[PDB]
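**Student:** A single structure is presented below for examination.
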Amino acid sequence: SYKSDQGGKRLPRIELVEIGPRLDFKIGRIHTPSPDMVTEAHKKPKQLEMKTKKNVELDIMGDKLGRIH
Amino acid sequence: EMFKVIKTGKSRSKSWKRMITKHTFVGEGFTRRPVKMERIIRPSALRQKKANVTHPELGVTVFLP
Amino acid sequence: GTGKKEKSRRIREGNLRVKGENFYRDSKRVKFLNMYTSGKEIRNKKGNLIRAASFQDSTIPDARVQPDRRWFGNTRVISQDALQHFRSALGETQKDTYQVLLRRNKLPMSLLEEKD
Amino acid sequence: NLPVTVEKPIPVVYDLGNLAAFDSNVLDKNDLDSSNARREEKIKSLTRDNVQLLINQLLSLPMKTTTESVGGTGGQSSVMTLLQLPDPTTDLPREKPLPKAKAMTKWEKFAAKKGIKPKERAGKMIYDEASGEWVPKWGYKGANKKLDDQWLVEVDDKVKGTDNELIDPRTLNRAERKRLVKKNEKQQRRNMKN
Amino acid sequence: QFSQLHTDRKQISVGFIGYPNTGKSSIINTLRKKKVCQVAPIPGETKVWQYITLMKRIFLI
RNA sequence: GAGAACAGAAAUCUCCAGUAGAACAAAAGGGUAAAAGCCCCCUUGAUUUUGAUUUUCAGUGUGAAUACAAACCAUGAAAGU
Ligand SMILES: Nc1nc2c(ncn2[C@@H]2O[C@H](COP(=O)(O)OP(=O)(O)OP(=O)(O)O)[C@@H](O)[C@H]2O)c(=O)[nH]1
Ligand SMILES: [K+]
Ligand SMILES: [Mg+2]
């Protein structure tokens with residue numbers, strides 16, 4: 001990183017120095033999963049996250065608030 | 001000693017309701033149960049929110065929630 | 001009718017079942033409805049106490065508090081960063097008339113309610 | 001004073017949770033083939049532009065500061081300012097499947113049917129009336145094994161008339177305890193089989 | 001809507017308060033579509049509280 | 001493998017060689033050697049307590065179990081576990 005003189009003191013100028021390794025991969029062979037395995041591997045736990053509920057929010061103070069229409 | 005029997009009915013024949021005679025702490029967001037389904041009674045005059053707490057160190061007493 | 005019998009109903013839909021459990025009531029329903037006639041004491045011919053009235057037992061309990069180091073530890077603490085966040089948030093709130101308070105968060109409001 | 005505003009025809013996308021930047025612009029085969037000696041310069045310039053864009057996004061991300069001093073748990077001190085990375089956008093397969101929900105055991109089904117609430121489990125210390133001490137109700141120096149150490153045991157009236165009269169009652173109670181423990185283990189194995 | 005916001009409470013109660021002769025009993029009768037609370041032009045007709053079941057989860061007082 | 005009164009096929013001490021052929025768990029087709037083996041020191045707290053969060057229950061709905069996280073706790077010079 002270097003001083004930029006045009007992005008202020010927040011956005012430095014970037015430079016890259018290669019350190020290796022440099023590699024060229026030719027794509028020889030493939031083997032793809034079955035779609036049920038794809039879905040099983042992309043399932044999410046959802047245990048940690050709070051359940052969403054309509055018209056119910058949490059404010060900055062942490063109070064649970066309900067909306068009335 | 002803890003509970004008092006509260007009789008209901010015109011002829012006072014039912015005796016399934018109980019009243020707590022000691023002081024209680026009910027907490028925040030307390031709402032009374034509907035009277036038909038209210039077995040345990042904690043009257044509002046006996047509910048407490050604060051106490052006089054004495055600290056052993058420094059020898060003071062403070063009124064705390 | 002054999003199909004209308006209580007035995008046949010259970011096939012369609014031993015010691016666990018209680019008295020009065022039928023098509024209309026489950027066990028919990030039976031006990032909740034028996035609450036309205038529960039509070040009576042039982043006495044025999046001689047006048048002894050077969051069973052005391054509900055919530056009217058006369059036995060004196062052994063009221064003791066055991067020694068434990070959980071009594072002497074801090075139960076609630078708040079960081080300086082959290083205090084600053086809640087102090088800033090108290091003041092930025094824009095109350096809407098159509099929002100109701102469902103549950104109030106437990107906070108040290110004595111430490112948060114500082115006004116110049 | 002080189003510029004820090006990389007302009008790109010096709011707008012690039014970011015996954016700041018994975019610290020990745022993806023550009024789908026046009027790449028020529030001639031400038032990237034091994035027959036070209038400037039392929040390294042072209043690739044370095046393209047990667048430099050993409051890294052500049054990614055660094056701009058990262059340094060424009062919100063920052064967290066704290067007031068706690070060093071030597072405390074947490075890892076962030078007062079002088080450290082930390083970027084708040086968002087959740088990763090790119091989806092990747094897991095290494096193991098999600099933990100299955102275990103089926104209810106026989107005790108759990110019976111407790112649900114009969115309305116038995118779980119015990120509060122405050123502690124393992126019970127008060128002993130015969131002494132003036134609190135003792136563990138089970139385990140190391142527990143109160144469930146005091147009959148073995150009891151100095152005097154009265155012989156039950158019902159044991160008489162059977163050949164098990166000569167047996168030490170402490171031995172009999174230890175055998176009953178071990179039988180109960182093995183019964184509990186067999187019930188656990190049965191639940192695991194079911 | 002209030003019942004849905006308190007769906008974990010198994011029932012909610014709505015208490016009608018206000019000045020005498022403002023129409024609390026009339027409003028409750030309107031909601032029930034039946035004369036379940038006594039109504040009069042003279043103030044002070046209602047003298048004690050009264051529970052009315054509007055729905056399975058909604059009570060009026 | 002050699003040396004040392006009782007003391008030899010088996011007691012205890014000393015030296016050299018010693019990839020683990022010992023002792024711990026799993027059933028490696030590559031587990032562990034300034035150890036994951038043996039001894040010593042510190043802790044007996046391990047069923048802590050907080051949660052607007054996950055699942056279940058309740059006529060006692062701001063409670064309890066339960067999952068997860070955090071604050072602590074133990075030890076160590078520390079990294080850290
Ligand atoms: N025009 C008109 N009259 C109403 C309305 N609501 C109530 N009233 C009349 O106002 C009078 C008061 O009725 P109540 O229902 O007894 O009012 P309340 O508040 O319950 O009075 P109390 O029970 O005595 O405390 C009645 O005679 C009603 O007929 C309304 O919406 N419009
Ligand atoms: K009236
Ligand atoms: Mg009225």
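Quick note on naming: the chains in the structure tokens go A, B, ... in the order shown, residues restart at 1 in each chain, and ligands are numbered from 1 in order of appearance.
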List as a list in words the protein and nucleic acid residues near stretch 2-17 of chain A, meaning an atom at most 10 Å away when only C-alpha atoms (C1' of nucleotides) are counted, but skip any in the same chain fewer than 2 places from it.

**Tutor:** residues 19 and 20 of chain A; 1, 2, 3, 4, 5, 44, 45, 47, 48, 49, 51, 52, 53, 55, 56, 57, 59 and 60 of chain D

**Student:** Dump C-alpha atoms for the selected residues as a compact mmCIF listing (two decimals), in the first residue's frame?

**Tutor:**
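See selection_28.txt below for the written result:
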# COMPACT_ATOMS: atom_id res chain seq x y z
CA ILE A 19 5.27 -14.42 -4.65
CA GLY A 20 4.21 -17.66 -6.34
CA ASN D 1 0.13 9.84 -7.47
CA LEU D 2 -1.67 7.07 -9.35
CA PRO D 3 -5.50 7.02 -9.31
CA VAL D 4 -7.48 4.76 -7.00
CA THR D 5 -10.73 4.86 -9.02
CA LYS D 44 -1.02 -8.47 -12.86
CA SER D 45 -2.81 -5.31 -14.02
CA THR D 47 -5.70 -8.52 -10.57
CA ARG D 48 -4.41 -5.15 -9.35
CA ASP D 49 -7.59 -3.39 -10.48
CA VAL D 51 -7.80 -5.90 -5.62
CA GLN D 52 -8.13 -2.10 -5.61
CA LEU D 53 -11.92 -2.39 -5.91
CA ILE D 55 -9.87 -2.92 -0.84
CA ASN D 56 -12.11 0.10 -1.49
CA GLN D 57 -15.15 -1.94 -0.45
CA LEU D 59 -12.17 0.00 3.84
CA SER D 60 -15.62 1.51 3.26

**Student:** Using only C-alpha atoms (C1' of nucleotides) and all ligand atoms, find each residue with an atom at most 8 Å away from ligand 2 and format the answer as a list in words.

**Tutor:**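 These are the residues that qualify: residues 20, 21, 22, 23, 25, 38, 39, 40, 41, 42, 43, 44, 45 and 46 of chain E.
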
**Student:** Need the shell around stretch 83-85 of chain D: protein/DNA/RNA residues with any atom at most 8 Å away, counting only C-alpha atoms (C1' of nucleotides). Skip same-chain ones fewer than 4 positions apart. Format as a count of residues only?

**Tutor:** 8

**Student:** Write down, as JSON, numbers by chain, each residue of chain B that has any atom within 10 Å of an atom of chain F, counting only C-alpha atoms (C1' of nucleotides).

**Tutor:** {"B": [26, 27, 28, 29, 30, 31, 33, 34, 36, 37, 38, 39, 40, 41]}

**Student:** Could you write out that same residue set with C-alpha atoms as a PDB file, in the first residue's frame?

**Tutor:**
ATOM      1  CA  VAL B  26     -44.664 -11.096  40.406  1.00  0.00           C
ATOM      2  CA  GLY B  27     -42.123  -9.554  38.015  1.00  0.00           C
ATOM      3  CA  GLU B  28     -42.498  -7.513  34.852  1.00  0.00           C
ATOM      4  CA  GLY B  29     -45.355  -7.768  32.380  1.00  0.00           C
ATOM      5  CA  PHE B  30     -47.722  -9.363  34.883  1.00  0.00           C
ATOM      6  CA  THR B  31     -51.390  -9.691  33.937  1.00  0.00           C
ATOM      7  CA  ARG B  33     -55.504 -14.591  34.857  1.00  0.00           C
ATOM      8  CA  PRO B  34     -59.205 -14.585  33.905  1.00  0.00           C
ATOM      9  CA  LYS B  36     -62.809 -18.329  35.850  1.00  0.00           C
ATOM     10  CA  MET B  37     -59.313 -19.849  35.456  1.00  0.00           C
ATOM     11  CA  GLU B  38     -57.665 -18.080  38.425  1.00  0.00           C
ATOM     12  CA  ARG B  39     -56.851 -20.623  41.137  1.00  0.00           C
ATOM     13  CA  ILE B  40     -53.843 -18.963  42.815  1.00  0.00           C
ATOM     14  CA  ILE B  41     -54.481 -15.397  43.999  1.00  0.00           C
TER      15      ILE B  41
END

**Student:** Residues of chain E classed as strand (DSSP E) by DSSP on the backbone are to be reported as a PyMOL selection string.

**Tutor:** chain E and resi 12-14+52-53+58-60
